[PDB]
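Student: Okay, handing you the structure first.
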Amino acid sequence: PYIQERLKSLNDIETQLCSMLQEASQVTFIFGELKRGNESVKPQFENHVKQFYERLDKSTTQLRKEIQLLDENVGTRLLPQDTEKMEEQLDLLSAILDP
Amino acid sequence: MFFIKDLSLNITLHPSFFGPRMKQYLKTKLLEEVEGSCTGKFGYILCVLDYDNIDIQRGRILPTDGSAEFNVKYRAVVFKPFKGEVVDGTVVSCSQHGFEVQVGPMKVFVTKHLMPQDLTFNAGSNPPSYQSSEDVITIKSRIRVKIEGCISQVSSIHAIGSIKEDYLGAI
Amino acid sequence: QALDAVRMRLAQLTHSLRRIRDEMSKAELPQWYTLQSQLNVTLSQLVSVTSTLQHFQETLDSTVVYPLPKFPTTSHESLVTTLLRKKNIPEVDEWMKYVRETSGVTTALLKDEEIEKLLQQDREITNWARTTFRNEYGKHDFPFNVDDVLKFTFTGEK
Amino acid sequence: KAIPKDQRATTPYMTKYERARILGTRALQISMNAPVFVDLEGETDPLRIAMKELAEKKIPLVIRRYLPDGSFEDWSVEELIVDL
Amino acid sequence: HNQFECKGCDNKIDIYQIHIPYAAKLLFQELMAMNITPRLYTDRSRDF
Amino acid sequence: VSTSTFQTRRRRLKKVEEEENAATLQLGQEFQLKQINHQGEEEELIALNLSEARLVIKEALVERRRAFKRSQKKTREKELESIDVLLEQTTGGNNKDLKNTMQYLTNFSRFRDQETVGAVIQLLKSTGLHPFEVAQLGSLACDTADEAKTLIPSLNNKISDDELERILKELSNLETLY
Amino acid sequence: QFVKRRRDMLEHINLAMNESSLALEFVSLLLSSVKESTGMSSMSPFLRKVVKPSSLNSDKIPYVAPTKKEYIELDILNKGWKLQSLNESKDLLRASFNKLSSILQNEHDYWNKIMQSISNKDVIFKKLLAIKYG
Amino acid sequence: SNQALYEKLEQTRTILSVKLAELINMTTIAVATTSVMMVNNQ
Amino acid sequence: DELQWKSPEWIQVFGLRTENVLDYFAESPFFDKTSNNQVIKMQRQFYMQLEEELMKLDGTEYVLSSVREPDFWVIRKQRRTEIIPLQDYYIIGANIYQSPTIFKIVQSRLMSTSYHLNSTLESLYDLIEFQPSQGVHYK
C-alpha cells in the first residue's frame, strides 16, 4: 500500500541517519590519528567524514521531501459490516444443511 | 522617570455577573480598560502589578437598574515623558524633516533643526540618513535625545526632541 | 570591576550546583529534559567564568593574596589555608598526570626544537583539517454567491 | 468614617423604606436576569421572587445607614429584623 | 471620536457625565447668560 | 470610567492654574514626591530606572501567569523571545504599548540581575537626591560629572562634582556585560 | 544496583557543588575589601559573622604573564589532553552507533510487522499503540 | 501544524550539521579540560 | 604556591618573635640567598635600623607587613626602585605560608568544579533508555 511505501521510506531515512552517526565516529577517531602524525588515514578519515556529510545531506533532502508529501496528501490519501456477518452465518447454515 | 502609581478605577457590573467568578471578571475588566491605555494625566498605563492583591472592595448597587459599581484600587507601572528629560531610544523613521526615536511606548521626533551643524540629511544614502563626517543616523541606529516638549493627545502622548547640545546624539 | 564579574559567575555556578544537589536529593529524580537544561545553563555560566578568568588571567597572575590583620588566624588557621589552597584536586592532577603520560607521545626529552617541530606538525595538521572542512562544507546546500442562490429559490430572481 | 459593628446603635429592625427599597432593588435585579438565591417554587414575578428571597434572608445586600454627621453603620439584610 | 476637551481649562482629561433634567441644563445656561456661575461638582469639600 | 488617582483637590473653577513640567524637577501635580498610599499613608514617589523597570514588569507578568494557571484548575537575545511568549500568555495581545516597552527595556537595560539592581539601589540612595534623578542616574550611563549634570540639570548643586564621579565609577562596574 | 549508581552520581555532583561555592565565598570577601560595594552580601552568614570586615590584600606584578609565556609546555599538555578526550569520545560514539543500529533493527522489524499490520478500519491510539476493539 | 514539524526538523538539521563542524573546529582548537567539557556538551 | 614550610624546632633554639620571625623567614626554604639580607648577614659575620639600612642598599627587599604577637604577621617581598611589591607571605602558627597567586587559586577552583561536573555527567548519562516513541525513560 501507499502508507507502507511511506513507512518504508521513513525506515530508509532512519538507516541513513544511523550511517551518518557511524561515520561521525570514524571521522573522530581518524582525526585523532591525523593529529598524532599518521597521514596514511588522511584519505580514509576525510572519506568517511565526507561520506558522512554526503549521507546526512541525502537524508536531509529525503526527509524534508517526505514531510512535504505528507502535507500535500492531507485530504487526499490522508485523513484530516453486518451484511458481512449475515453472509457468514448463511454460509454456515447451508453448510450444516448440506455437509 | 518610569513611575509606579497608586490608581483606582470605577467598573460597573450588571447583576447577571453576580456569580462566583465575580472578582475574576472584575480584575479582567480592569486589565481590559486600563492596561495599555494612555492619558495626559498619568501617561501610558503599561502594566498592572500584583494581580492577586487587586482590591475589589464592596460594590454600591445603583438604585435604578440593579447593577453594581465598584472602585477597584490597583498599582501600575506608568510612563510619562517630561520636557527636559534625556532619553536613549531607537530611530524608527527618518525623513527629510527629522527622525523619530522610539523610546519605551512613545516616540520622540527630532526635527532637522535641533541637530549638529554639519549633520545633514542625505537622500542618496540607502536608506536615507543623516550623514555627518563622524556620524550616520538612519532607520535603525541608537540615539540619545533631549525632550524639548510634549504634546498630549488623550490616547497617546507625542513629543519633540533635540540632539544638538553636548553629550547627546548617537551612542 | 573584573573581580565583580568573576564573583558573579562564581555565584551563578554555585547556585546551579546547589540546585543540582537539590534535584538529586529527591527520590524520583526530575524530568531528564529539565536536568539537561539546567546542565546547559551551568555550561553557559562556566564558559563565561573560564573566558573571564582567562581574559583577566594576565591581570590575575599579577597579585598576592594573604590574610589581613582582621582575620581570626589564631582560632582557625586551617580554614584560611583551605580558602587559600592552590593545590589542585589531587584527582584532577592525578588524571592530569595520567592524561599527560597518556598524551601522545610525548615525553620530556623532547628537547624543544624537536618539540617545536611536533607542535608545528600539530598546527599544520590543524590547517589541513580546516581546509578540508571548508571544501566539505562547500559540498552541500543550505463558485457562486450563496445569498444569490438562496434569493433565487425564494423569489425567482437571477 | 464608618462605625464598627460592635458600636452600631441604629434600630436592629428594618425600616419600611429599607424593606421597600430592598424589595424594589432585588426585583429590579431579578428582572435584569440577575442570579436568584432561592428555589422559585413556581414563581415568575420578580417582586414575588424578591419577597421570597427576603423571607428566607437569602438577599446579599447591605444597608449603609448614614448619620447626619456623615458617618455610617452598615447592616445586612440577613441581620435586620422584619416585623413589618 | 472619543474626544473630550474643555478649552480655557485646557482639560482633555478631568471630565464627567451627568443626568439632569433638560430644564436644569437650561436654567444653568440661563444663569450663565446672566453672568452667574452655577459650577457643578461631583465630589464634596465641606463635610458636616 | 476614566481612572482616578490617590489624592484630592479643590475645584476652584479656575482651570487656568496648571503649570508646565521640566528638569527643574517640576513634575506634575500627580507625580510630586510627597504622595499617598492606597492604605492612606504618605509614602515617597517611586520612579524606576530601566533594568529596575524591566524587572518589575517581568516579575509582575509572571505572578499573573501563575494566577491564570491556578484558575485553569477549575542572554538578551533569547530573552527578547521569551518575553514575547509571556506577553501572549498574560497580556491582552492588543497591548502594543507594553510590547514595545519590553523590547525597549530589554535592549536598553544596564543591569540584568535583581542582585545587581539592588546594588545600584543601595549605592544611589545615600545621596538623597530626588527619586527622579536617581532613576535617571540608573538609566543614563555617564562618564564625567559634567555629563551627568548636563543630562540631568536637575542636579547642578545637589551633589558635589567629585562625589558624583565616585558614584559613576561604581555604576560602570556594576554594569552587566550581557 | 541502579539506585546505588544514583547515589554515586549525587556524591560526585555534591563535591563539585562544594568546590565552586567555596571559590565564590572567597571571592566575595576579597571583594568586600573595596568593592563590594554590595559584594560582601554573597558571603555565607556564618562566614560573614566569623570574619571582621576588611580582609586580605593585593600586590603589583607584571611578568608572571611573561614567565607563563616563557614556558610553553602547558600548551603541549593541553593538546595531548584534548587528543585523549577525542579518543574516549570516539569509542563512546562507536558504542552509540552500534546500540542505535540494533535498536533500529528491532524498531523497523516492529514497523514492518506493522506494515504487515493490515487495515484501515480500526481506531488506533497512543508510548505504545492501542486499538479499540469494542 | 505539520509546517511546524517541517520548521523544527529543518532547524534541527542545520543545528546538527553546524554543531558537528563547529565542534570539529573546537577540537583541535585547566583550559584544555574546559575545552573538553565544551566538546562533550556539543 | 602549593607548599607549607615549617621548622617547628627552630622556634625551640630561639623562641619565635619579630626579629626572630625575620630570621626564621631566612631559615625556611622560601628564603633566597640572592637577597640583600644574606649580604648584610655575611658582612655582619665578617629592627627599625635595619629598615634604615635597606634604604642605602639597592636590591630585592623583605619587610614587615604585620605584627600580631605571638602568632601572625605579613612579611612582604617587594622590589624597591617608589616601592614596587612582589609577593606577600604570612607567618601564622610557626609555619611559613606560601604566597599562592590570586590567579592560581582561582585556577584550582575552576579545575575542581569542572572535574566533578564531568564525573556526575558521565555517571548519569549512562542511565537512560531511549525509544523513538517513548523518548528518554529511566528504568
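Convention: chains lettered A, B, ... in C-alpha cells order; per-chain residue numbering from 1; ligands numbered from 1 as shown.
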Residues at most 10 Å from residue 15 of chain C, counting only C-alpha atoms, excluding those fewer than 5 positions away in the same chain, as number ranges by chain?

Tutor: C: 9-10, 20-21, 42; G: 17, 20-21

Student: Which chain A residues are at most 7 Å from chain H (counting only C-alpha atoms), as a VMD selection string?

Tutor: chain A and resid 64 67 71

Student: Those residues you just picked out, can you put them in a file as a PDB file, in the first residue's frame with C-alpha atoms?

Tutor:
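Output saved as again-v3.pdb:
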```pdb
ATOM      1  CA  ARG A  64      12.254  17.173   4.086  1.00  0.00           C
ATOM      2  CA  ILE A  67       7.358  15.786   5.182  1.00  0.00           C
ATOM      3  CA  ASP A  71       1.330  17.886   3.906  1.00  0.00           C
TER       4      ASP A  71
END
```

Student: What's around residue 104 of chain B at 9 Å? Count only C-alpha atoms, leave out sequence neighbours fewer than 6 positions away in its own chain, and write the answer as a list in words.

Tutor: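 Non-adjacent residues within range: residues 79 and 89 of chain B; 97, 98, 100, 101, 102, 103, 104 and 105 of chain F.
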
Student: Please write the residues from the selection above to a file, keeping N, CA, C and O atoms, as a PDB file, in the first residue's frame.

Tutor:
```pdb
ATOM      1  N   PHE B  79       4.224  55.447  32.334  1.00  0.00           N
ATOM      2  CA  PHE B  79       5.266  56.146  31.606  1.00  0.00           C
ATOM      3  C   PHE B  79       4.733  57.494  31.151  1.00  0.00           C
ATOM      4  O   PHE B  79       3.753  57.565  30.424  1.00  0.00           O
ATOM      5  N   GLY B  89      17.055  55.787  22.980  1.00  0.00           N
ATOM      6  CA  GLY B  89      15.994  55.173  22.202  1.00  0.00           C
ATOM      7  C   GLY B  89      16.500  54.731  20.842  1.00  0.00           C
ATOM      8  O   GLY B  89      17.692  54.821  20.553  1.00  0.00           O
TER       9      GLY B  89
ATOM     10  N   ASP F  97       1.542  48.889  23.321  1.00  0.00           N
ATOM     11  CA  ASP F  97       2.279  49.795  24.203  1.00  0.00           C
ATOM     12  C   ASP F  97       3.259  49.031  25.082  1.00  0.00           C
ATOM     13  O   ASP F  97       4.434  49.368  25.151  1.00  0.00           O
ATOM     14  N   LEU F  98       2.766  47.997  25.753  1.00  0.00           N
ATOM     15  CA  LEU F  98       3.608  47.164  26.602  1.00  0.00           C
ATOM     16  C   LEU F  98       4.632  46.364  25.792  1.00  0.00           C
ATOM     17  O   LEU F  98       5.780  46.236  26.202  1.00  0.00           O
ATOM     18  N   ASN F 100       6.237  47.072  23.084  1.00  0.00           N
ATOM     19  CA  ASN F 100       7.392  47.907  22.763  1.00  0.00           C
ATOM     20  C   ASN F 100       8.193  48.232  23.998  1.00  0.00           C
ATOM     21  O   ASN F 100       9.415  48.303  23.955  1.00  0.00           O
ATOM     22  N   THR F 101       7.493  48.444  25.100  1.00  0.00           N
ATOM     23  CA  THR F 101       8.131  48.816  26.351  1.00  0.00           C
ATOM     24  C   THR F 101       9.088  47.727  26.813  1.00  0.00           C
ATOM     25  O   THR F 101      10.181  48.003  27.303  1.00  0.00           O
ATOM     26  N   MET F 102       8.677  46.482  26.640  1.00  0.00           N
ATOM     27  CA  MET F 102       9.530  45.372  27.000  1.00  0.00           C
ATOM     28  C   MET F 102      10.690  45.211  26.024  1.00  0.00           C
ATOM     29  O   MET F 102      11.792  44.894  26.442  1.00  0.00           O
ATOM     30  N   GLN F 103      10.452  45.427  24.730  1.00  0.00           N
ATOM     31  CA  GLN F 103      11.538  45.364  23.746  1.00  0.00           C
ATOM     32  C   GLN F 103      12.533  46.470  24.007  1.00  0.00           C
ATOM     33  O   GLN F 103      13.736  46.283  23.873  1.00  0.00           O
ATOM     34  N   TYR F 104      12.018  47.632  24.376  1.00  0.00           N
ATOM     35  CA  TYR F 104      12.863  48.760  24.716  1.00  0.00           C
ATOM     36  C   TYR F 104      13.644  48.440  25.981  1.00  0.00           C
ATOM     37  O   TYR F 104      14.871  48.399  25.964  1.00  0.00           O
ATOM     38  N   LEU F 105      12.928  48.200  27.072  1.00  0.00           N
ATOM     39  CA  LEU F 105      13.569  47.916  28.346  1.00  0.00           C
ATOM     40  C   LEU F 105      14.583  46.788  28.237  1.00  0.00           C
ATOM     41  O   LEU F 105      15.651  46.855  28.830  1.00  0.00           O
TER      42      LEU F 105
END
```

Student: Near chain I, meaning an atom within 10 Å, which residues of chain G appear when counting only C-alpha atoms? Write them as a CSV table (one decimal) with N, CA, C and O atoms, in the first residue's frame.

Tutor:
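In the end it all went to part22.csv:
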```
chain,number,residue,atom,x,y,z
G,2,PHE,N,21.0,0.2,40.4
G,2,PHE,CA,20.8,1.5,39.8
G,2,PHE,C,20.7,2.6,40.8
G,2,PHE,O,21.3,3.6,40.6
G,5,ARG,N,24.1,3.5,42.0
G,5,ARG,CA,24.7,4.3,41.0
G,5,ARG,C,24.3,5.8,41.1
G,5,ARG,O,25.1,6.7,41.0
G,6,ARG,N,23.0,6.0,41.3
G,6,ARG,CA,22.4,7.3,41.5
G,6,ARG,C,23.1,8.0,42.7
G,6,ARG,O,23.3,9.2,42.7
G,8,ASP,N,26.1,7.4,43.9
G,8,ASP,CA,27.4,7.8,43.4
G,8,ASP,C,27.4,9.1,42.6
G,8,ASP,O,28.2,10.0,42.9
G,9,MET,N,26.5,9.2,41.7
G,9,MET,CA,26.3,10.4,40.9
G,9,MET,C,26.1,11.6,41.8
G,9,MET,O,26.8,12.7,41.6
G,10,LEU,N,25.1,11.5,42.7
G,10,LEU,CA,24.8,12.6,43.6
G,10,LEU,C,26.0,13.0,44.4
G,10,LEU,O,26.3,14.2,44.6
G,11,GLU,N,26.8,12.0,44.9
G,11,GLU,CA,28.0,12.2,45.6
G,11,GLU,C,29.0,13.2,44.8
G,11,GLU,O,29.3,14.2,45.3
G,12,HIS,N,29.4,12.7,43.6
G,12,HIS,CA,30.3,13.5,42.7
G,12,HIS,C,29.8,14.9,42.5
G,12,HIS,O,30.5,15.9,42.8
G,13,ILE,N,28.5,15.0,42.1
G,13,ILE,CA,27.9,16.3,41.8
G,13,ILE,C,28.0,17.2,43.1
G,13,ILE,O,28.2,18.5,43.0
G,14,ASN,N,27.8,16.6,44.2
G,14,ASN,CA,27.9,17.4,45.5
G,14,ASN,C,29.3,17.9,45.7
G,14,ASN,O,29.5,19.1,46.2
G,15,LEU,N,30.3,17.1,45.5
G,15,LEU,CA,31.7,17.5,45.6
G,15,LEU,C,31.9,18.8,44.7
G,15,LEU,O,32.4,19.8,45.2
G,16,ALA,N,31.5,18.7,43.5
G,16,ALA,CA,31.5,19.9,42.6
G,16,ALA,C,30.9,21.1,43.2
G,16,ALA,O,31.5,22.2,43.2
G,17,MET,N,29.7,20.9,43.7
G,17,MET,CA,29.0,22.0,44.4
G,17,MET,C,29.9,22.7,45.4
G,17,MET,O,30.1,23.9,45.3
G,18,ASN,N,30.3,21.9,46.4
G,18,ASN,CA,31.1,22.5,47.5
G,18,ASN,C,32.3,23.3,47.0
G,18,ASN,O,32.5,24.4,47.4
G,19,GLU,N,33.1,22.7,46.0
G,19,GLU,CA,34.2,23.4,45.5
G,19,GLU,C,33.9,24.8,44.9
G,19,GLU,O,34.5,25.8,45.4
G,20,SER,N,33.0,24.8,43.9
G,20,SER,CA,32.7,26.1,43.3
G,20,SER,C,32.2,27.1,44.3
G,20,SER,O,32.6,28.3,44.2
G,21,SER,N,31.3,26.7,45.1
G,21,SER,CA,30.7,27.6,46.2
G,21,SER,C,31.8,28.2,47.0
G,21,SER,O,31.9,29.5,47.2
G,22,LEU,N,32.8,27.4,47.5
G,22,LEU,CA,33.9,27.9,48.2
G,22,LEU,C,34.6,29.0,47.5
G,22,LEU,O,34.9,30.1,48.1
G,23,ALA,N,34.9,28.8,46.2
G,23,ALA,CA,35.5,29.8,45.4
G,23,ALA,C,34.8,31.1,45.4
G,23,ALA,O,35.3,32.2,45.7
G,24,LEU,N,33.5,31.0,45.2
G,24,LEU,CA,32.6,32.2,45.2
G,24,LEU,C,32.7,33.0,46.6
G,24,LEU,O,32.9,34.2,46.6
G,26,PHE,N,35.2,33.0,48.9
G,26,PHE,CA,36.5,33.6,48.9
G,26,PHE,C,36.5,34.9,48.1
G,26,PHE,O,36.9,36.0,48.6
G,27,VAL,N,36.0,34.8,46.9
G,27,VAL,CA,35.9,36.0,46.0
G,27,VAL,C,35.2,37.1,46.7
G,27,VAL,O,35.5,38.3,46.6
G,57,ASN,N,44.3,41.5,50.8
G,57,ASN,CA,45.2,42.5,50.1
G,57,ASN,C,45.6,42.0,48.7
G,57,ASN,O,45.2,41.0,48.3
G,58,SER,N,46.4,42.9,48.0
G,58,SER,CA,47.0,42.5,46.7
G,58,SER,C,48.2,43.3,46.4
G,58,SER,O,48.5,44.3,47.0
G,59,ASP,N,49.1,42.8,45.5
G,59,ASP,CA,50.3,43.4,45.1
G,59,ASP,C,50.5,43.5,43.6
G,59,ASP,O,49.7,42.8,42.9
G,60,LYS,N,51.4,44.3,43.2
G,60,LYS,CA,51.6,44.5,41.7
G,60,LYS,C,52.7,43.7,41.1
G,60,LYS,O,53.8,43.7,41.5
G,61,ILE,N,52.3,42.8,40.1
G,61,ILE,CA,53.3,42.2,39.3
G,61,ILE,C,52.9,42.2,37.9
G,61,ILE,O,51.8,41.9,37.5
G,62,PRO,N,53.8,42.5,37.0
G,62,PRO,CA,53.8,42.1,35.5
G,62,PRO,C,54.6,40.8,35.5
G,62,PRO,O,54.9,40.3,36.6
G,64,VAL,N,54.5,37.8,35.5
G,64,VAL,CA,54.1,36.4,35.8
G,64,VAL,C,53.5,35.9,34.5
G,64,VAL,O,53.6,34.7,34.2
G,100,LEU,N,22.3,2.1,18.7
G,100,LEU,CA,21.2,2.7,17.9
G,100,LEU,C,20.9,1.9,16.6
G,100,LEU,O,19.8,1.8,16.1
G,103,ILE,N,18.8,-1.1,17.8
G,103,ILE,CA,17.5,-0.5,18.2
G,103,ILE,C,16.7,-0.3,16.9
G,103,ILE,O,15.5,-0.5,16.9
G,104,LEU,N,17.4,0.2,15.9
G,104,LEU,CA,16.7,0.5,14.6
G,104,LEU,C,16.3,-0.8,13.9
G,104,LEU,O,15.2,-0.9,13.3
G,107,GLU,N,13.1,-1.9,16.0
G,107,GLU,CA,12.0,-0.9,15.8
G,107,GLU,C,11.4,-1.0,14.4
G,107,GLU,O,10.2,-0.8,14.2
G,126,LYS,N,-2.5,6.3,21.0
G,126,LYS,CA,-1.3,6.2,21.9
G,126,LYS,C,-1.6,6.9,23.2
G,126,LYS,O,-2.2,7.9,23.3
G,127,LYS,N,3.1,5.7,25.1
G,127,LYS,CA,4.2,5.5,24.1
G,127,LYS,C,4.1,4.2,23.4
G,127,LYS,O,5.0,3.8,22.7
G,128,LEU,N,2.9,3.5,23.5
G,128,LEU,CA,2.6,2.3,22.7
G,128,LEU,C,1.3,2.4,22.0
G,128,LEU,O,0.4,3.1,22.5
G,129,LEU,N,1.1,1.7,20.9
G,129,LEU,CA,-0.2,1.7,20.2
G,129,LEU,C,-1.2,0.8,20.8
G,129,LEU,O,-0.9,-0.3,21.3
```

Student: For chain G, list the residues within 7 Å of chain A, counting only C-alpha atoms, and write the list as an MDAnalysis selection string.

Tutor: chainID G and resid 83 86:87 90 93:94 97 101 108 115

Student: Can I get the selected residues back with N, CA and C atoms, as a CSV table (one decimal), in the first residue's frame?

Tutor:
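result_32.csv was written with the following content:
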```
chain,number,residue,atom,x,y,z
G,83,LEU,N,43.5,15.5,22.8
G,83,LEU,CA,43.6,14.3,22.0
G,83,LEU,C,43.0,13.1,22.7
G,86,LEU,N,39.3,13.3,22.8
G,86,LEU,CA,38.9,12.9,21.5
G,86,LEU,C,38.8,11.4,21.3
G,87,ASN,N,39.8,10.7,21.8
G,87,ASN,CA,39.8,9.2,21.7
G,87,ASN,C,38.6,8.6,22.4
G,90,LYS,N,35.6,9.0,20.7
G,90,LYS,CA,35.5,8.1,19.6
G,90,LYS,C,34.9,6.8,20.0
G,93,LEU,N,31.2,7.0,20.8
G,93,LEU,CA,30.4,7.2,19.6
G,93,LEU,C,30.2,5.9,18.9
G,94,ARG,N,31.3,5.1,18.8
G,94,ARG,CA,31.2,3.8,18.2
G,94,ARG,C,30.1,3.0,18.9
G,97,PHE,N,26.6,4.2,18.1
G,97,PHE,CA,26.3,3.8,16.7
G,97,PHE,C,25.8,2.3,16.7
G,101,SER,N,21.9,1.2,16.1
G,101,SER,CA,21.7,0.4,14.9
G,101,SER,C,20.8,-0.8,15.2
G,108,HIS,N,12.3,-1.2,13.4
G,108,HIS,CA,11.8,-1.3,12.0
G,108,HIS,C,11.3,-2.7,11.7
G,115,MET,N,3.6,-2.9,9.0
G,115,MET,CA,3.2,-2.6,7.6
G,115,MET,C,2.4,-3.8,7.1
```

Student: Return the single residue from I:104, I:2, I:11, I:83 that is closest to residue 55 of chain I, with distances computed using only C-alpha atoms.

Tutor: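 Going through I:104, I:2, I:11, I:83 one by one, the smallest distance to residue 55 of chain I is for I:83.
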
Student: Pick out the residues sitting within 10 Å of segment 16-19 of chain F, and hand them over as a count of residues only; count only C-alpha atoms, and ignore anything fewer than 4 positions along from it in its own chain.

Tutor: 10

Student: Near segment 91-108 of chain C, counting only C-alpha atoms, which residues have an atom at most 7 Å away, once you skip same-chain residues fewer than 2 positions from it, shown as a list in words?

Tutor: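 In the requested format, the answer is residues 88, 89, 110 and 111 of chain C; 77, 80, 81 and 84 of chain G; 112 and 115 of chain I.
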
Student: Using the selection just defined, write its residues with N, CA and C atoms as a compact mmCIF listing (two decimals), in the first residue's frame.

Tutor:
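The new file result_23.txt reads:
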```txt
# COMPACT_ATOMS: atom_id res chain seq x y z
N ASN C 88 45.77 21.59 43.46
CA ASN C 88 44.65 21.21 42.63
C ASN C 88 43.89 20.09 43.32
N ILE C 89 42.82 19.62 42.70
CA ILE C 89 42.23 18.37 43.14
C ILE C 89 43.27 17.30 42.86
N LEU C 110 61.72 14.83 24.02
CA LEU C 110 62.00 16.20 23.54
C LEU C 110 63.49 16.26 23.08
N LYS C 111 64.35 17.27 23.29
CA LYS C 111 64.14 18.64 23.77
C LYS C 111 63.46 19.56 22.75
N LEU G 77 50.72 20.07 26.87
CA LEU G 77 49.85 19.33 27.79
C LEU G 77 48.38 19.45 27.38
N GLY G 80 47.67 17.37 24.15
CA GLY G 80 47.60 15.96 24.49
C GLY G 80 46.29 15.58 25.17
N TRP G 81 45.92 16.35 26.19
CA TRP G 81 44.66 16.12 26.90
C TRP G 81 43.48 16.13 25.94
N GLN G 84 43.37 12.93 23.94
CA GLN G 84 42.84 11.84 24.77
C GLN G 84 41.32 11.89 24.83
N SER I 112 38.69 21.97 40.01
CA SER I 112 37.91 21.09 40.87
C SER I 112 36.44 20.98 40.42
N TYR I 115 35.93 19.17 37.17
CA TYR I 115 36.19 17.73 37.31
C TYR I 115 34.95 16.97 37.80
```

Student: Contacts between chain B and chain E, please, where a residue of chain E counts if it comes within 12 Å (with only C-alpha atoms); show its shortest atom pair and distance in Å to one decimal, rows by chain and ascending number, as a tab-separated table.

Tutor:
```
residue	atom	partner	partner_atom	distance
E:1	CA	B:155	CA	10.7
E:2	CA	B:154	CA	9.2
E:3	CA	B:154	CA	7.7
E:4	CA	B:154	CA	8.5
E:5	CA	B:154	CA	9.5
E:10	CA	B:152	CA	10.4
E:11	CA	B:40	CA	9.3
E:12	CA	B:154	CA	6.7
E:13	CA	B:41	CA	6.7
E:14	CA	B:41	CA	8.5
E:15	CA	B:41	CA	11.8
```

Student: Could you jot down the atom CA of residue 159 of chain F to atom CA of residue 22 of chain F separation for me, Å, one decimal place?

Tutor: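 Spanning atom CA of residue 159 of chain F to atom CA of residue 22 of chain F is a straight-line distance of 19.3 Å.
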
Student: For chain D, report every residue with an atom at most 12 Å from chain B (counting only C-alpha atoms), formatted as a list in words.

Tutor: residues 21, 22, 23, 24, 25, 26, 27, 28, 29, 30, 31, 32, 33, 34, 35, 36, 37, 60, 61, 62, 63, 64 and 74 of chain D

Student: For segment 52-58 of chain F, please output as a list in words all residues within 9 Å (counting only C-alpha atoms; exclusion window: fewer than 3 positions along the same chain).

Tutor: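 So, after excluding close chain neighbours, the residues are residues 2, 3, 46, 47, 48, 49 and 77 of chain B; 47, 48, 49, 61, 62, 63, 83, 86, 101, 102, 105, 106, 109, 111, 112, 113, 114, 117, 118 and 138 of chain F.
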